[PDB]
Amino acid sequence: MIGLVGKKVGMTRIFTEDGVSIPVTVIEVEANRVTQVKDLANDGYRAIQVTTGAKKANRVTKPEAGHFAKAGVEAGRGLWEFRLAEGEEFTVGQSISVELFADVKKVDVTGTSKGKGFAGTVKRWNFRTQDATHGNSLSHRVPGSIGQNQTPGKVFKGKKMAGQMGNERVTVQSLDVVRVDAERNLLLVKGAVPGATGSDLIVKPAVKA
Amino acid sequence: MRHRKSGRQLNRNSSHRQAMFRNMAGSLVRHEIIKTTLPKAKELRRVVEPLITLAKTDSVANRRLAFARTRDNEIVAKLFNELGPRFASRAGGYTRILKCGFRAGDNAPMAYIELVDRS
Amino acid sequence: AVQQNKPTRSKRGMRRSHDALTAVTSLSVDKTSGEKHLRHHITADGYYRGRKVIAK
Amino acid sequence: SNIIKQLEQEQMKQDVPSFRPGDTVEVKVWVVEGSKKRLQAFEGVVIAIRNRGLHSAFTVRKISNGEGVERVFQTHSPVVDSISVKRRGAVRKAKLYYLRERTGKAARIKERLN
Amino acid sequence: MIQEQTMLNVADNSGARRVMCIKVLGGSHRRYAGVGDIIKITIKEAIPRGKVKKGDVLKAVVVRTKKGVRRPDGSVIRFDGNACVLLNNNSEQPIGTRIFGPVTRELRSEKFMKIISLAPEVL
RNA sequence: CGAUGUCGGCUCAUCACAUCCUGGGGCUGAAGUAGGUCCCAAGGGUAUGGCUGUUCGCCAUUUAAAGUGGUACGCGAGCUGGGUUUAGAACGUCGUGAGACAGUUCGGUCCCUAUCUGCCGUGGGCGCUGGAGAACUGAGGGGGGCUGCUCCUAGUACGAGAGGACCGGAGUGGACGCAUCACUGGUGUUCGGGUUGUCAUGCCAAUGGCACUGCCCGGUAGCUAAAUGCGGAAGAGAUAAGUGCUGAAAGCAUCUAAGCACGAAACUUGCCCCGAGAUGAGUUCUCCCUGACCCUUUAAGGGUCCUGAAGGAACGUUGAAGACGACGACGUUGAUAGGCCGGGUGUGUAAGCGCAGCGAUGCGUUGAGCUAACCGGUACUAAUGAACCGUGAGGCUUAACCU
RNA sequence: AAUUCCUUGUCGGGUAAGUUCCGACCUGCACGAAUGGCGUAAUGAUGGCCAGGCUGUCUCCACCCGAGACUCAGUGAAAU
RNA sequence: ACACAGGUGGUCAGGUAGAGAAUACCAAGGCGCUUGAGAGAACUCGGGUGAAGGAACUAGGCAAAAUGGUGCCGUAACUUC
RNA sequence: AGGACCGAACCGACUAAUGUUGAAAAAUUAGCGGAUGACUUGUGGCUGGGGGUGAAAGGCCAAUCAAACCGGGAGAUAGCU
Ligand SMILES: [Mg+2]
Ligand SMILES: [Mg+2]
Ligand SMILES: [Mg+2]
Ligand SMILES: [Mg+2]
Ligand SMILES: [Mg+2]
Ligand SMILES: [Mg+2]
Ligand SMILES: [Mg+2]
Ligand SMILES: [Mg+2]
Ligand SMILES: [Mg+2]
Ligand SMILES: [Mg+2]
Ligand SMILES: [Mg+2]
Ligand SMILES: [Mg+2]
Ligand SMILES: [Mg+2]
Ligand SMILES: [Mg+2]
Ligand SMILES: [Mg+2]
Ligand SMILES: [Mg+2]
Ligand SMILES: [Mg+2]
Ligand SMILES: [Mg+2]
Ligand SMILES: [Mg+2]
Ligand SMILES: [Mg+2]
Ligand SMILES: [Mg+2]
Ligand SMILES: [Mg+2]
Ligand SMILES: [Mg+2]
Ligand SMILES: [Mg+2]
Ligand SMILES: [Mg+2]
Ligand SMILES: [Mg+2]
Ligand SMILES: [Mg+2]
Ligand SMILES: [Mg+2]
Ligand SMILES: [Mg+2]
Ligand SMILES: [Mg+2]
Ligand SMILES: [Mg+2]
Ligand SMILES: [Mg+2]
Ligand SMILES: [Mg+2]
Ligand SMILES: [Mg+2]
Ligand SMILES: [Mg+2]
Ligand SMILES: [Mg+2]
Ligand SMILES: [Mg+2]
Ligand SMILES: [Mg+2]
Ligand SMILES: [Mg+2]
Ligand SMILES: [Mg+2]
Ligand SMILES: [Mg+2]
Ligand SMILES: [Mg+2]
Ligand SMILES: [Mg+2]
Ligand SMILES: [Mg+2]
Ligand SMILES: [Mg+2]
Ligand SMILES: [Mg+2]
Ligand SMILES: [Mg+2]
Ligand SMILES: [Mg+2]
Ligand SMILES: [Mg+2]
Ligand SMILES: [Mg+2]
Ligand SMILES: [Mg+2]
Ligand SMILES: [Mg+2]
Ligand SMILES: [Mg+2]
Ligand SMILES: [Mg+2]
Ligand SMILES: [Mg+2]
Ligand SMILES: [Mg+2]
Ligand SMILES: [Mg+2]
Ligand SMILES: [Mg+2]
Ligand SMILES: [Mg+2]
Ligand SMILES: [Mg+2]
Ligand SMILES: [Mg+2]
Ligand SMILES: [Mg+2]
Ligand SMILES: [Mg+2]
Ligand SMILES: [Mg+2]
Ligand SMILES: [Mg+2]
Ligand SMILES: [Mg+2]
Ligand SMILES: [Mg+2]
Ligand SMILES: [Mg+2]
Ligand SMILES: [Mg+2]
Ligand SMILES: [Mg+2]
Ligand SMILES: [Mg+2]
Ligand SMILES: [Mg+2]
Ligand SMILES: [Mg+2]
Ligand SMILES: [Mg+2]
Ligand SMILES: [Mg+2]
Ligand SMILES: [Mg+2]
Ligand SMILES: [Mg+2]
Ligand SMILES: [Mg+2]
Ligand SMILES: [Mg+2]
Ligand SMILES: [Mg+2]
């Protein structure tokens, strides 16, 4: 089954009658509108290409606006693409609402994580700091040793070192969907999804069930 | 990391930044146009423009506040006697940054920051 | 922490391959005084986007 | 945001009484033991109030059986049932964290008469 | 959040006033022990004529923490100290007959029905 | 020997399998539970402390288990320097003595700004055969793979009882990892207040400067963990040891020779991420350009004038993006940033005035005043009209289709 | 034992657990009486051990303030 | 060797607080230390604060943290008193 | 009264960190010891190399000491590189 493209509005809590506070992540899901249907005869696979949101008319380019004009649909802020299962099809100018998740129970939310910048191995790879006293010379947060002596004159591939942390695609699996509010285009999932506030989210039904 | 934060450090401590923007705000009120670096001008807008909004309501308390911020009664007098009623209708934006090139000593990008109702 | 062989002038030129300066693309022209300046900067005489913002 | 505020104002409780720090409050909460909901009372001094709308909370300290007990109630939770100001107090702080080392005569607070 | 070398007060009439945690049971590399958790302890201070003696090694169940315990509304219940009730090593039933101070609802089970029976107040 | 730093600890590790746990089996002098032994199996996992310089070891208490080894007895241009192994001093012992003792004892300088390989990240160039904007496929690569306990099945099978299951199902944890900041908290030298000394603003009052932010008390956003969400799978395929079916060779027998079936945390998939420089440079969609002439050495040739597209780049306002580049948003047809208005939050009833009091002070005005990064708004200021790069229909050869 | 190889001697104390410490024993490898013997109040930037308080030493690190590191302009090394 | 965070004898000794020539803030007087401008990564240096625990770290409580003043009460073994 | 006590000047140098092509061919920062005495300091003088001096470490004698420095014997000698 396909997913929908939303946006992280923020987090809040749903007080049940029983006295339980459910930490939820509000995901507004506007009308995803299809722009292209891909198939086996032309594209080798079955998928749809959707768009959501709006865009400035002076900023949407002539190739992109011609691509939306062929589908006959308003330009959105992006283009995403969802693989189709069998027995599942959609038309081109079709709009897809959040009622698709009306009877799902768990979703997988894919987002782009927050940018931690250039991070050290303590933060990134959870390395232990060395001793803050007892003689330590300028070596409190360094990674320590990185190899062995002459046997493989070389550091191995994938050695855990410092570098860019975050700002990348991650997927949180098996999030309990709490509420599907079709009237104001919302989706409340239990827990914390990746991404900052106002960033794009991809909500798909859970594959692991 | 610097997420959602504000205020420039400017390679100074907090008391040096506070005394530098106090002097620079007094010099801008005194002459109505100065030439400083563009980062100092941008951080100065966040100092001077609250003083003018404070100066729109001439009370004794607001004279004492503007004195605690500027520490110059001549500046507080020019604020409440001239620039108050001069800017009494503008909804913010009381000043203007004009980039004026590069300083000869260190290639620093300079800028003229002036009040709007000067000329 | 120091080299074991002298690096060549070829490696020196390849390291300096990216140290080239980017010339300014185009100078903006004031509409009143007609003189050239940096885009978004005031002119030398004190014009910017037509008006005389400062005497000299 | 407006969406958050709309989701939160429909869950807030419209009958939260006005109480300040240093007020001796009595909170009646719901207790589910076995299958019978009963209503346990908790009464102490408000040492802290955190106002965040729906996420608002408050801290009550009491001296129960010789032991000091702090308890951080969620204000708009439905598991609390009643909030009653027994005795209002006169302090000049927002948070009375210094009462955690004062006992007996030293931990008195005078009454905020109005 | 109780670990090794943590001193605890004693919440019963077993005869001890001050015990020290030497091992947090139930899992390898297990850092902490909250309420309802079994800890192996040693005795550092006792009454002169008690059921237990200074230097005995036995189990105990944590009943009050200064860190506190969270309820599903988000609320938390903190105490001013750390308190435990002594247990037997094998049968793991409480030794004393009279529980001092309050306990919590996380304690109640088929295992600690005696403690909730004897506590003066259950929060 | 014109120098290859030699114990132990720390920090990072990585491989082997002669496997410690978990997994699959065979035999048992295997009733069950629990074991013994051997075979297959390296996917993941695989204690904290006391003593001691120690590795080790003993001891205490855990745990599913506390594996055995290689790696310059891994790792000092990564740390340490307790031990060993400099110069000082002393004991015992030897020697007439200077002095000496894998005998002891106290003290005792551990340098290097990284050129290359390597590795972690991040860019520039060019290419992919007209140029450009997007969405993809997925060759390949990496990540991840742990497990307890309880309950039901069932006090059933088994057993004289004591005791006590296989198989299967459900729940709740520990360790680890990813993400997040709604909660609980931390910080919050950019917010508010109290207060000590001193100086100053003419003085009072009120403020400001310095004293570690002067010392304190709280605390917004943000970042965070101790906080709270999620994960490990199921499944499929082919198998290991092993179990078989039919069945001869070898009239029987026989799991194998022909043929067929089952079979594990291993293997390939399934889950997540990168990924067409995958030079084997792929696919789809869309957009842009449809001018004249000279040349000689006539060819994938060179030049002139006109033209300058799609788009990009640059600049500017900037960002929960960021070392720099990069990436993303916006540039007046505009909410990009600052300001401003309103709100919220925090602090905790400002100043001034009046009253009471000899006065310190208290009370009223007053939950006042101030309020950072927050929320909703608002063109007041700054984001310029341009200019720059990029062209002008895109090779040959066959094949097929259509004329 | 600043001396004891065997040795982490044995016993006791202290600790959950103590090759160190303290007190005993004496089997003094290889103490011993001015290259002094045994005690000893006070003192010691002396050596070993223990306890209370205290705490980022640590479990396990988090945030913040500044000086560098990074970028721009100017000058401009070195070992090898 | 330097316009070098070193070394160099004598004399003068203001105010407020303070026992004080300590220390804090100031006067007279003299300086802002001869590269700057930004940004606000890792890491290092020097500091601030920290939930719960409180030496479990370590060769070793190294380093940090803590104590800290005046007056009064009171103050052990031992002792060469 | 005191080779008495606490503690600045002053003298010294116990610990840690930095620094180690340093700010510095031994220093800085935070702590530390003595501080009316066998104290410390200025100026001038004397002791000379197998010699001085030494509360004694083979310490010091001009950044040099198990026998200084300079010049000379001297192109010592080198079965060694
Ligand atoms: Mg970021
Ligand atoms: Mg460590
Ligand atoms: Mg060093
Ligand atoms: Mg350090
Ligand atoms: Mg090789
Ligand atoms: Mg901002
Ligand atoms: Mg600078
Ligand atoms: Mg200051
Ligand atoms: Mg070589
Ligand atoms: Mg270069
Ligand atoms: Mg050698
Ligand atoms: Mg060599
Ligand atoms: Mg077996
Ligand atoms: Mg094998
Ligand atoms: Mg393994
Ligand atoms: Mg596998
Ligand atoms: Mg051990
Ligand atoms: Mg100990
Ligand atoms: Mg290896
Ligand atoms: Mg070996
Ligand atoms: Mg080794
Ligand atoms: Mg090495
Ligand atoms: Mg080593
Ligand atoms: Mg090396
Ligand atoms: Mg040593
Ligand atoms: Mg010697
Ligand atoms: Mg020897
Ligand atoms: Mg390329
Ligand atoms: Mg793979
Ligand atoms: Mg939070
Ligand atoms: Mg807080
Ligand atoms: Mg916070
Ligand atoms: Mg003051
Ligand atoms: Mg006054
Ligand atoms: Mg001053
Ligand atoms: Mg399988
Ligand atoms: Mg087989
Ligand atoms: Mg057969
Ligand atoms: Mg047959
Ligand atoms: Mg099969
Ligand atoms: Mg498993
Ligand atoms: Mg505005
Ligand atoms: Mg005030
Ligand atoms: Mg008032
Ligand atoms: Mg009132
Ligand atoms: Mg308020
Ligand atoms: Mg406001
Ligand atoms: Mg806003
Ligand atoms: Mg002897
Ligand atoms: Mg021995
Ligand atoms: Mg013993
Ligand atoms: Mg010890
Ligand atoms: Mg002894
Ligand atoms: Mg002797
Ligand atoms: Mg004799
Ligand atoms: Mg003697
Ligand atoms: Mg430069
Ligand atoms: Mg050279
Ligand atoms: Mg100088
Ligand atoms: Mg000097
Ligand atoms: Mg004075
Ligand atoms: Mg910093
Ligand atoms: Mg501190
Ligand atoms: Mg604070
Ligand atoms: Mg702490
Ligand atoms: Mg605090
Ligand atoms: Mg605390
Ligand atoms: Mg220890
Ligand atoms: Mg240890
Ligand atoms: Mg110390
Ligand atoms: Mg200290
Ligand atoms: Mg004396
Ligand atoms: Mg010193
Ligand atoms: Mg003294
Ligand atoms: Mg000697
Ligand atoms: Mg000398
Ligand atoms: Mg001589
Ligand atoms: Mg001689
Ligand atoms: Mg001769
Ligand atoms: Mg010669």
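1. Points about the overall build of chain D
Right, on to step 1. The secondary structure content of chain D amounts to one helix and seven strands.
Right, on to step 2. For chain D, the succession of helices and strands along the chain, N to C, is α-β-β-β-β-β-β-β.
Right, on to step 3. Across the 114 residues in chain D, those meeting the buried criterion constitute 46%.
Right, on to step 4. Sequence separation of 24 or more characterises 51% of the internal contacts of chain D that already satisfy a separation of 6 or more.
Right, on to step 5. Total accessible area on chain D stands at roughly 6700 Å², and carbon and sulfur atoms take up 46% of it.
Right, on to step 6. Taking the average location of the 24 positive side-chain charges in chain D and that of its 12 negative ones, the two points are 6 Å from each other.

2. Focus: the overall build of chain E
Right, on to step 1. A tally of helices and strands in chain E yields one helix and seven strands.
Right, on to step 2. Helices and strands in chain E line up, N terminus first, as β-β-β-β-β-β-β-α.
Right, on to step 3. A compact globule built from 123 residues should have a C-alpha radius of gyration of about 14 Å, and chain E, at 14 Å, falls within 12% of that.
Right, on to step 4. Based on the C-alpha atoms only, the size of chain E along its principal axes is roughly 45 × 35 × 25 Å.
Right, on to step 5. Out of the 123 residues in chain E, the part that is buried amounts to 48%.
Right, on to step 6. In chain E, 23 side chains carry a positive charge and 11 a negative one; their mean positions are 4 Å apart.

3. Structural notes on the interface of chain D and chain E
Right, on to step 1. With 21 residues of chain D in contact, the opposing surface of chain E contributes 18 residues.
Right, on to step 2. Counting the surface lost from both chain D and chain E, the interface buries some 1600 Å², and carbon and sulfur atoms represent 42% of this.
Right, on to step 3. The closest approach of N and O atoms between D:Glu33 and E:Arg108, which form a salt bridge, is 2.9 Å.
Right, on to step 4. Our count for the chain D to chain E interface comes out at seven residue pairs in polar contact.
Right, on to step 5. Broken down by secondary-structure element, the contributors of at least two residues to the side of chain D that touches chain E are strand 1 (24–33), strand 2 (36–50), strand 3 (57–64) and strand 4 (67–74) of chain D.
Right, on to step 6. Looking at the side of chain D that touches chain E element by element, the count peaks at eight residues for strand 4 of chain D.
Right, on to step 7. Grouping the amino acids of the side of chain D that touches chain E by side-chain chemistry returns six nonpolar, seven polar and eight charged.
Right, on to step 8. With four bridges connecting them, strand 4 of chain D and strand 6 (residues 76–79) of chain E associate as antiparallel partners. Residue D:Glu70 lies in a different strand from strand 6 of chain E, and its bridge partner there is E:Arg78.

4. Things to note about the protein's contact with RNA strand F
Right, on to step 1. The environment of RNA strand F is formed by 145 residues, the closest being A:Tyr45, A:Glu81, A:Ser137, B:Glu49 and E:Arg70.
Right, on to step 2. When the atoms of RNA strand F within 4 Å of the protein are grouped by moiety, sugar and phosphate amount to 76% of the total.
Right, on to step 3. Between a sugar or linking oxygen of RNA strand F and a side-chain N or O atom of A:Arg124, the distance comes to 3.3 Å.
Right, on to step 4. In this structure, A:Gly147 approaches RNA strand F through a main-chain N or O atom, which is 2.9 Å from a base nitrogen.

5. Quick word on the sheet that holds strand 10 (residues 169–181) of chain A
Residue and element names in this part refer to chain A.
Right, on to step 1. One closed barrel accounts for six strands, arranged 1-2-11-10-7-12; its pairing is antiparallel. Between one strand and the next, the sheet's axes are offset by a mean angle of 50°, whatever the strand orientation.
Right, on to step 2. Here eight bridges tie strand 1 (residues 4–15) to strand 2 (residues 21–28), and the two strands are oriented antiparallel to one another. Along strand 2, the bridge assignment pairs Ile14 with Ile22.

6. Brief notes about the state of the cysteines
Residues and elements named next belong to chain E.
Right, on to step 1. Taken as a whole and judged by the stated rule, the model has zero disulfides over all chains.
Right, on to step 2. Left without a disulfide partner, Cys21 is nearest to the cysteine sulfur of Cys84, which lies 8.6 Å away.
Right, on to step 3. Given the relative accessible area of 0%, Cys21 is considered buried.

7. Here's the deal with the interface of chain B and chain C
Right, on to step 1. Listed per partner, the contact involves ten residues of chain B and eight residues of chain C.
Right, on to step 2. Taken together, both faces of the contact between chain B and chain C bury some 680 Å²; the carbon and sulfur share is 64%.
Right, on to step 3. Considering only the surface of chain B that becomes buried against chain C, B:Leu98, B:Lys99 and B:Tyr112 emerge as the three largest contributors, covering 57% of it.
Right, on to step 4. In this structure, the connection of chain B to chain C is made through two residue pairs in polar contact.
Right, on to step 5. Of all the secondary-structure elements, those providing two or more residues to the side of chain B that touches chain C are strand 2 (95–102) and strand 3 (109–115) of chain B.
Right, on to step 6. The element best represented in the side of chain B that touches chain C is strand 2 of chain B, accounting for five residues.
Right, on to step 7. Considering only residue class, the side of chain B that touches chain C consists of five nonpolar, two polar and three charged.

8. Regarding the nonpolar core
Right, on to step 1. Grouped together as the largest cluster of nonpolar side chains are 37 residues, with contacts concentrated most on D:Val27, D:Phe58, D:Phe73, E:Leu8, E:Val19, E:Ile39 and E:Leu86.
Right, on to step 2. Excluding residues that lie within four positions of it along the chain, D:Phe58 makes contacts with D:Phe19, D:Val27, D:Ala48, D:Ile49, D:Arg71, D:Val72, D:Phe73, D:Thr75 and D:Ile83.

9. Describing the arrangement of the chains
Right, on to step 1. The top pair by number of contacts, from a total of five pairs of chains in contact, is chains D and E.
Right, on to step 2. One finds no contact linking chain A with chain C; the least C-alpha distance across the pair is 17 Å.
Right, on to step 3. Here chain C and chain E are not in contact; the least distance found between their C-alpha atoms is 41 Å.

10. Observations concerning the pairing of strand 3 (residues 32–38) of chain A
Residue and element names in this part refer to chain A.
Right, on to step 1. Within strand 3, five of the seven residues are buried, which leaves the element mostly enclosed by the surrounding structure.
Right, on to step 2. Sheet analysis places strand 3 next to strand 6 (residues 95–96), joined by two bridges and oriented antiparallel. Following the sheet pairing, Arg33 is matched in strand 6 by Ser95.
Right, on to step 3. Sheet topology note: the strand 3/strand 4 (residues 47–51) ladder contains five bridges and is antiparallel. Note that in strand 4 the partner of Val34 across the bridge is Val50.

11. Looking at the packing of helix 1 (residues 14–31) of chain B against helix 4 (residues 73–86) of chain B
All names here are of chain B.
Right, on to step 1. In the contact formed by helix 1 and helix 4, the axes pass within 10 Å of each other and the chain directions differ by 50°. Relative to helix 4, the element helix 1 is oriented oblique. In this structure, the crossing between helix 1 and helix 4 has a hand that is left-handed. In this structure, helix 1 contributes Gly26, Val29, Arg30 and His31 to the contact, and helix 4 contributes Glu74, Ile75, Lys78, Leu79 and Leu83.
Right, on to step 2. For the contact of helix 1 with helix 4, the class distribution of residues is four nonpolar, two polar and three charged.

12. Quick look at a nonpolar patch on the surface
Right, on to step 1. On the surface, B:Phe102, C:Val24, C:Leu27 and C:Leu38 cluster together to form a nonpolar patch covering roughly 350 Å² of accessible area.
Right, on to step 2. With respect to the helices and strands, C:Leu27 occurs in the loop between helix 1 (9–15) and strand 1 (28–29).
Right, on to step 3. For C:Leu27, a relative accessible area of 37% gives the class partly exposed.

What counts and what doesn't
Residues numbered from 1 in each chain as written, not as in the entry; some residues may be left out. Chains lettered and ligands numbered in written order. Part of a larger assembly, values for the part shown. Heavy atoms only, no water. Helix = DSSP H or I, 4+ residues; strand = E, 2+ residues; numbered from the N terminus. Buried < 20%, exposed > 50% of the residue type's maximum accessible area, 1.4 Å probe, protein only. Contact = heavy atoms within 4.5 Å. Areas by Shrake-Rupley, 256 points an atom, 1.4 Å probe, with all protein chains shown as cover. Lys, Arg positive; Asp, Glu negative; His and termini not counted. Charge placed at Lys NZ, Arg CZ, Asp CG, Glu CD. Rg over C-alpha atoms; globule rule 2.2 N^0.38 Å. Buried area = accessible area lost by both parts, 1.4 Å probe. Salt bridge = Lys/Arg side-chain N within 4 Å of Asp/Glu carboxyl O. Polar contact = N/O pair within 3.5 Å; in protein donor to acceptor, adjacent residues only side chain to side chain. Nonpolar A, V, L, I, M, F, W, Y, C, P; charged D, E, K, R; others polar. Pairing = 2+ DSSP bridges. Near = heavy atom within 4 Å. Axes fitted to C-alpha atoms, helices over the stretch in contact; angles between N-to-C directions. Disulfide = S-S within 2.5 Å. Core = buried A, V, L, I, M, F, W, Y, C linked by side-chain atoms within 4.5 Å. Parallel < 35°, antiparallel > 145°, perpendicular 65-115°, else oblique. Left-handed = near helix turned anticlockwise from the far one by under 90°. Patch = residues over 30% accessible without salt bridge, like charges linked within 9 Å, V, L, I, M, F, W, Y side chains within 5 Å.

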